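Next up: just one chain, as structure tokens, the form solved without its partner chain.
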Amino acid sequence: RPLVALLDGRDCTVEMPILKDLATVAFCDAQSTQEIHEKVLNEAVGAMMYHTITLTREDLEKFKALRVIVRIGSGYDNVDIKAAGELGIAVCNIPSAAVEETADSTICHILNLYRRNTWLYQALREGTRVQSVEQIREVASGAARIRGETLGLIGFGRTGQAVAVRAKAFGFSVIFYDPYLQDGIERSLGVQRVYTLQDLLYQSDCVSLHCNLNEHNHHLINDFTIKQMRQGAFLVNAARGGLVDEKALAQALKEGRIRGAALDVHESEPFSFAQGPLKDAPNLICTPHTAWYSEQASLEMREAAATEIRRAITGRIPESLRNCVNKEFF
């Protein structure tokens, strides 16, 4: 009775009942390929994984029985999907369990930068006494009127579109760059499109990343491209950490070129304020990779990922799969 392994997790309680009758389900709690037990490498027919482990070409070669990998989540940058396909392994994601969570979190980050809600809380926790009106304007200095500001989205897929839909009512003028989209989405949703990243950076008061990390967009925001942003612009990144060169950003924040940054994701996670290139960088908001999370979203995606494995066993791979991201399979 086929083995299905949950690679980088301990909890397996949603997935077991959905698959009890078809497969033996197990967890590895492996943070790296080295830690995966020999039995799983040899016999596992299916694997489920989060974002905290990476499977390279060499790693995927170590599995002697694997037929399908399912990412519990939308992102699949952490799996070499081209090597997977060449070795006869289908890779799937769960693209839509946490769209709205993520947009909501993104807007929250934007609003926190514009209205300084998080920093004002911090100022009070640090014990600042704000009595007079002059002191209010001092403490809240930089809090800005949103109406008229331009919000620039890099990547206008599921999360990007979701953010756009929320930004309009605050008076943001929304603009996007996505060089892979077909013509027309801009017209449907009544937003403006630009056709180079430079245009987007030149025109945006707040730039937010919503593109998937791929072969061609590592360090999209880098030493060069940051200099193309407006003086005193805002940067928001709830997409993936490798999209941003944190050394570049660090300097930009120190020199005032970027007024502030809000990051849910980082080059090196888990994030710490004591460590890394952003060590002593001012005007930084960070959260620990939570944009996706809600009780309801977590359950939805686990259930969906169990269902996908179920399809892979009962049907034919890759035709039966709902969300297979690698038809350069076989």
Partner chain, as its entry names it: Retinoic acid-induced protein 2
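Shifts are known only where both forms have a C-alpha. Residue numbers count along the first chain shown, from 1. We call the rigid core the largest set of C-alpha positions that still match within 1.5 Å between the two forms.
Here the subject shifts to the form deposited with its partner chain bound, a form of this protein not shown in this document.
Mapping the unseen interface onto this chain, residue 16 counts among the residues with a heavy atom inside 4.5 Å of its partner chain in the deposited bound form. The closest heavy atom approach of residue 65 to its partner chain in the deposited bound form falls outside 4.5 Å. Its partner chain is not drawn, but in the deposited bound form it has no heavy atom within 4.5 Å of residue 61. Although the partner is absent here, residue 57 is not a contact residue: none of its heavy atoms lies within 4.5 angstroms of its partner chain in the deposited bound form. For the three residues 219, 253 and 258, a heavy atom within 4.5 Å of its partner chain turns up in the deposited bound form in no case. Comparing the forms between this form and the one not shown on their core, residues 328-330 form the single run of at least three in a row where every Cα shifts 2 Å or more.
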